[PDB]
Amino acid sequence: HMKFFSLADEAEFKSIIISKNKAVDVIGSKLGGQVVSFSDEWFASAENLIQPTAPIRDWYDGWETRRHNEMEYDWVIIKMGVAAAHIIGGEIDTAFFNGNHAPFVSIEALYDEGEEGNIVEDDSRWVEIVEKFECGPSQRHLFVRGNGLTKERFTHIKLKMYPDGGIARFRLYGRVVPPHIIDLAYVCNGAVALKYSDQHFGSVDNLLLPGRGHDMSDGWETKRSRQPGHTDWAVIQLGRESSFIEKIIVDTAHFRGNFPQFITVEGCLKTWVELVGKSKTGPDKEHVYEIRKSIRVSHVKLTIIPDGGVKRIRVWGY
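What counts, and at which threshold
- Residues numbered from 1 in each chain as written, not as in the entry; some residues may be left out.
- Heavy atoms only, no water.
- Residues with missing side-chain atoms left out of burial classes, pairs and counts.
- Pairing = 2+ DSSP bridges.
- Helix = DSSP H or I, 4+ residues; strand = E, 2+ residues; numbered from the N terminus.
- Axes fitted to C-alpha atoms, helices over the stretch in contact; angles between N-to-C directions.
- Salt bridge = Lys/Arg side-chain N within 4 Å of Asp/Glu carboxyl O.
- Buried < 20%, exposed > 50% of the residue type's maximum accessible area, 1.4 Å probe, protein only.
- Domains from an automatic or database assignment.
- Contact = heavy atoms within 4.5 Å.
- Buried area = accessible area lost by both parts, 1.4 Å probe.
- Polar contact = N/O pair within 3.5 Å; in protein donor to acceptor, adjacent residues only side chain to side chain.
- Nonpolar A, V, L, I, M, F, W, Y, C, P; charged D, E, K, R; others polar.
- Core = buried A, V, L, I, M, F, W, Y, C linked by side-chain atoms within 4.5 Å.

Determination of this PDB entry was carried out by X-ray crystallography to a resolution of 2.40 Å, according to the record.

Draft legend 1. Summary view of the sheet that holds strand β17 (residues 232-237). The strand order β14-β17-β22-β19-β20 describes an open sheet built from five strands, whose pairing is antiparallel. Of all strands in the sheet, those bounded by a partner on one side alone are β14 (192-196) and β20 (272-280). Along the sheet, successive strands turn relative to each other by an average axial angle of 20°, direction set aside. Of the pairings in the sheet, the one linking β14 to β17 comprises four bridges and is antiparallel in character. For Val192, the partnering residue across the bridge sits in β17 and is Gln237.

Draft legend 2. Representation of the pattern of salt bridges within the structure. Under the defined criterion, the tally for this structure stands at 20 salt bridges. Taking the shortest distance from any N to any O, the salt bridge between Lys30 and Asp205 comes out at 2.8 Å. By relative accessible area, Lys30 is classed as partly exposed at 30%. Of the residues examined, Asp205 reaches a relative accessible area of 31% and is grouped as partly exposed. A salt bridge links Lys160 to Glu108, with the nearest nitrogen and oxygen atoms 2.7 Å apart. Residue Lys160 is found in strand β10 (residues 156-162), and its partner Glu108 is found in strand β7 (residues 104-110); the two are separated by 52 residues along the sequence. Taken individually, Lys160 and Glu108 each receive the classification buried, so the pair is uniform in this respect. In the salt-bridge network here, residues are joined through shared partners; they are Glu108, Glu121, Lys158 and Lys160.

Draft legend 3. Seen up close, the domain arrangement of the chain. According to the domain assignment, the chain consists of domain 1 (3-179) and domain 2 (180-318). The C-alpha centroid of domain 2 is placed 29 Å from the C-alpha centroid of domain 1. On the domain 2 side, the residues contacting the 14 residues of domain 1 number 14 residues. In total, domain 1 and domain 2 occlude about 1000 Å² of area from one another, counting both sides; carbon and sulfur atoms represent 59% of this. The largest contributions to the domain 1 side of the interface with domain 2 come from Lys22, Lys30 and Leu31, which together make up 42% of the buried area. Put simply, domain 1 and domain 2 have one salt bridge between them. The tally of links between domain 1 and domain 2 comes to four residue pairs in polar contact. Those elements that place two or more of their residues in the side of domain 1 that touches domain 2 are α1 (10-20) and β12 (169-176). No other element matches α1, which puts three residues into the side of domain 1 that touches domain 2. Split into classes, the residues belonging to the side of domain 1 that touches domain 2 amount to eight nonpolar, two polar and four charged.

Draft legend 4. Inspection of the nonpolar core at higher detail. Counting 66 residues, the largest nonpolar core has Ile107, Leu159, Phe170, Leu207, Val265, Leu302 and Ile313 as the members making the most contacts within it. Domain assignment of the residues forming this core places at least three in each of domain 1 (3-179) and domain 2 (180-318). Non-local contacts of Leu159, meaning those with residues more than four positions away in its chain, are made with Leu49, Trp63, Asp74, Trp75, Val76, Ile92, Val105, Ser106, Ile107, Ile167 and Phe170. Counting eight residues, the second largest nonpolar core, distinct from the first, contains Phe13, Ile17, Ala23 and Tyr173.

Draft legend 5. Fine view of the sheet that holds strand β5 (residues 74-79). Spatially, β3-β5-β10-β7-β8 is the arrangement adopted by the five strands of the open sheet, whose pairing is antiparallel. The open sheet is flanked by β3 (34-38) and β8 (127-134), the only strands paired with a single partner. The sheet shows a mean angle of 20° between the axes of neighbouring strands, direction not considered. Sheet analysis places β3 next to β5, joined by four bridges and oriented antiparallel.

Right, here's the structure in full:
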């Protein structure tokens, strides 16, 4: 019942994951995903599986276990960085494991309330959500569950590899369940980056992450453009339709020689209306636009002029 997408068809995969199911990688370290435990890690750390970077050759950039596992499977337990989610799909990348790749993978999940302790492998609450499937050498596998979004919500993921081997990356896509003003554009509140002009370095989904990040690689950055009147833009579905917007924050943290010259922010109800008009931007700073407007919008569009890099956007309201 799992459905797999060719690399040539990643655009269509992203369509389903993001545009239709409003999903994000809920186990990525960049939104606070954490490896809780693992069976084994002999050749290469489990922690590599959730790193934001694409895997590289030169050590192995991945999780790899000892040979001849006497158990049926090796495993890793991962706590999501969001509070809870319904699961739609994922990615397993066996990059550079050319024969010693994981032969088969399955995925289970559970829902835990109290950070009461470190979850164990044989917890009765584990529920299979992706049935066992075959993997190939050194490649990306893009999957969607046959039944679409998981009915129940979950907080923790178990990856099973039968019986042992290597995996470079593991992404798991889910529609976040959000847990008085909030950041309507925050990833943990169900906000998702939908559409973009260009992503040269980083990605638009980085706009909605916790923190101000560490360097340029964890924001959204576009190429140096030359055409007069060029802009770049990013559309964000908010976690909720707004009733009020208090405050918009555009953060150029770490973008020092490549921050946009100007920005605007529009909102719309899914017909775009202005929230922030043309505003001069600076390097490496949180720009705070007080809006204080009773308005009903479902999406925002951030426009950077003519190009450059923004670390985050925050849309405070309710």
